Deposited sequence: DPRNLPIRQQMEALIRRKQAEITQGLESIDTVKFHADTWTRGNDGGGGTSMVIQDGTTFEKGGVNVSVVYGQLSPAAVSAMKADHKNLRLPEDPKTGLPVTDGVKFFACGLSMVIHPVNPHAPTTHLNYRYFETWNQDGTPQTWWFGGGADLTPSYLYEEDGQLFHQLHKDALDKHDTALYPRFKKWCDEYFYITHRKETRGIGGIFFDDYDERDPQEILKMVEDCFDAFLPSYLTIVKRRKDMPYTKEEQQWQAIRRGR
């Protein structure tokens, strides 16, 4: 029973939005500031140059035209709910890596009961400027450890510069368990990323190394 999966997922991502921005703030000098989801943004910190952590919620219908355009990748028209958190953080120092993270959930409705269909999607990665294999290895280890709490087959399947983990259209188990797997994946983030940024953010660099990495990576 518990609450509906939709309620529990929305609650989880909103709690993690708060837990993540606070964790990232703990190593910077600057704070994040706040359809249309709720987007928290950091800019011109001493550690983080630009970043955003967003939670979005959407209720609606998808046309048959829309669903038509869509079903390559999921196992008149349809009513749905979806929610998700998305983030991208870019450190000032080129020795510290960019990260992206996204966890989301989608379910169809229309005479409810419970279902028609639902899934989760997400994962997390790092995009380095300078590359440190040890940072990639810690990032992977802690996400592996999160996934191994559920089963050791998941990491080899979801894995994959540094990369990270990615899954989508994932509805293969009781959604209560998949909720816990998503929570545990979230909890892999701050211990890996704050560790990595701490150990890189004060490494010396010149303006030219930073400009060249910007050229190489874009933007």
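Chemist: Please list, in sequence order, every stretch of the deposited sequence that lacks C-alpha coordinates.
Modeler: Unmodelled stretches: 1-2, 37-45, 87-101, 187-201.
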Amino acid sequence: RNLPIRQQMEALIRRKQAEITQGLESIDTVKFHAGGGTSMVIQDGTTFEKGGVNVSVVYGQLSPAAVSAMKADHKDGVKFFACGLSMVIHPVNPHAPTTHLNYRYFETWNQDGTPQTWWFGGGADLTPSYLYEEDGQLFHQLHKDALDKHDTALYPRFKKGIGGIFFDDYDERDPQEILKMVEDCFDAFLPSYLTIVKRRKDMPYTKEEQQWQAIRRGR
From here on, numbers count along this sequence of modelled residues.
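Chemist: So 81-89 or 127-135, which one's hotter by mean CA B-factor in the entry?
Modeler: In the deposited entry, the stretch with the higher C-alpha B-factor mean is 127-135.
Chemist: Report the stretch with the higher mean CA temperature factor, choosing between 117-125 and 103-111 on the basis of the entry.
Modeler: Mean CA B-factor is higher for 103-111.
Chemist: Which listed residue, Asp174, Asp187, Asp169, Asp44, has the largest C-alpha temperature factor in the record?
Modeler: That would be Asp44.
Chemist: Between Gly164, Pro191, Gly51, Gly36, let me know which has the highest C-alpha B-factor in the entry?
Modeler: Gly36 has the highest C-alpha B-factor of those listed.
Chemist: Rank-wise, by C-alpha B-factor, drop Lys207 into the lowest, middle or highest third of its chain.
Modeler: Highest third - that is where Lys207 ends up once the chain's C-alpha B-factors are sorted.
Chemist: Which third, lowest, middle or highest, does the CA B-factor of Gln8 fall in along this chain?
Modeler: Tercile = lowest for this residue's CA B-factor.
Chemist: Classify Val182 as lowest, middle or highest third according to the C-alpha B-factor given in the PDB entry, relative to its own chain.
Modeler: It falls in the bottom third of the chain.
Chemist: Select lowest, middle or highest to describe the third in which the CA B-factor of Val55 falls within its chain in this entry.
Modeler: As the PDB entry reports it, the C-alpha B-factor of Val55 lands in the lowest third of its chain.
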